[PDB]
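Coming up, as structure tokens: structure 1 and structure 2, two forms of one and the same protein chain.
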Structure 1
């Protein structure tokens, strides 16, 4: 009995607490949980960017965050349970019970990490690191593994924090082909630390429509602070879903081999600020954008870039309303550690992301286009100023990663 083909009655959730939410050719439910996840994405992204200086890059995987906190929700109760449901917009899947969310989440994960005879690799790993001394709830243990594949590995936080820390770090690294390293700095993890919950997500894809390295050239890129810098600009001409939306902003979709996952770029006209577009980027607008796209012939100028980012999510989430989970006095996670211990709370939550974009990904290729003549009045998309980037799974309308490229220069 595996969850990917299962019906809800085949998977008894038996959650300690339950919250009742108020008020195409894909699964209706996993599509709603998708709408939920994206709602969290743009709102969270809006906050994150507003707390950021305009000349800084931003990269993160909102799906990773939602998954990690959904894993945590499994043992949440009362108001900790409600805030989680509201903050992550799971409560917006009308009348559905908080327990149902996890079934849906598992269904969404099954599709996403298909592992079929595909061309792009999208992998995910989750895991629980509990102190060997503690005794975890049998149900929490079971469900975390059934719904999220998260296994529970015993570690010695009490005596060997440093050794435990290296074990975890080694694990994330391995599950991210080495792109996410020392997630846990030598400082954190002590003795008071009883549980380290972790989600990883890894993606690698090749362009369906090639950017020949031979065409890449240094070009000026215009930062928000009015100055310039030298970027490696990739170039090609060909058909791409595109659309010039409000106030001259250009939305472009670059698919990966398999067409299942794409890269979406949002480039405001030179006159307008990305901050202004960030502020107006509503979940419904973004969906509207994405749905109005149409195949077209254009010239593409896109820098090659590598972005590495990391930050604590605590403060951001608190502003959005996730307060109890972080308060040792208000936090209610009675479902996690078996036998009392009511005062378990999240001390901190960290996100670390990596993004590399270029030709061929990982030089040795070229492209020859013979006998082509395009309209001298073709649409051009020149990303030499700040723009937003998204990496999405189209059939599932899932935002896997998002960010902002304020500075691609070295």
Structure 2
């Protein structure tokens, strides 16, 4: 059991260790620390990601999800491979204890972010290794005990089937064909596979009988047709520094919410992206205050699938992806990382996330003031899916083009 056990009860330290030469109610000191650390990686990682993608391309990912994945291997990692892992993911800017049993506190942080009832948050993670080699039987245990499962041996394309089809089972169709038909080969050593997507309803719904057909202005200069939803009501909003508009739409339960961030018309979304930093992010989330504004927002489905390899290495995570430089004796009873794949899906509309249903919403007596605030997202804006009251960034993406 992970939700409430205790480390003292299940000795689970790594083979190698590393040494780099506003407390909320009923919250574990560590789990909090570890969490703030992830939000400092998520923003940096998002920048590099953004920077490398065209300005019309949508984005979506669960940074928390990637952090966890790599946080595993940093269990059998050693030397330069361990240093780069540690330095990159910000794992080094946290206490010694939390860092040694990092993998554990992560599981602990999950049990909670998931104990968030109501709307369900499905995920599907596993490490697939080749049968040729033999793995530590304890690595496997601390894995099945903390990372949901054990590195599943494999081999060689009925493998792509095994994988993609393994995710099929868990994501029940939602996530499929995870890896392409050109990832495995005469060099298919070790591969990471992590996928996720969120399922939830809006605390305060939108009404289908109010969805017009507005125009959306894309990054190049053109414009296109989008399904613009509409709604009148109370919301946590705030005109932050330089105009940038921040708006928070919560899901039922009030412990998970979607923060939207729309820049002015003159300032490109790209400019806003180059300023994200934990401090500036929370701060915006502090100036929020309730009001009665209108809300316009296009529907959209977003399915991002990519290799973290090129992006991480471009960040300094090079040894892990090197046959002659790697160092993961912590799983073998050497070996190296071939490629790691991530996948997130996110669909939105009148009802919420992934939530498919037809409801009605009648409001009699409401008459807002002509001098009202309106949030018309007819242009590129960022999106967050944070958890409360922890402020954990679960998904963070960008909607550059909802049309099509």
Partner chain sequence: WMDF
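Rigid core here is just the name for the largest C-alpha set that superposes within 1.5 Å across the two forms. Residue numbers count along the first chain shown, from 1.
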Block containing the form solved in complex with its partner chain is structure 1
Shifting its Cα by 2 Å or more between structure 1 and structure 2 with the rigid core aligned, the only one of 249, 137, 200, 262 is 200
> Does superposing the core leave residue 97 with a CA shift of 2 Å or more between structure 1 and structure 2?
Replying inline: yes
* Is there a C-alpha shift of 2 Å or more at residue 181 between structure 1 and structure 2 once the rigid core is superposed? -> no
**Prompt:** Do you see a C-alpha shift of 2 Å or more at residue 273 between structure 1 and structure 2, with the core held fixed?
**Reply:** no
Aligning on the rigid core, one finds that residue 47 shifts at its CA between structure 1 and structure 2, in Å, by 0.3
Cα of residue 166, core superposed, displaced between structure 1 and structure 2 by (Å) 1.7
Core-superposed C-alpha displacement of residue 190 between structure 1 and structure 2, in angstrom, equals 4.3
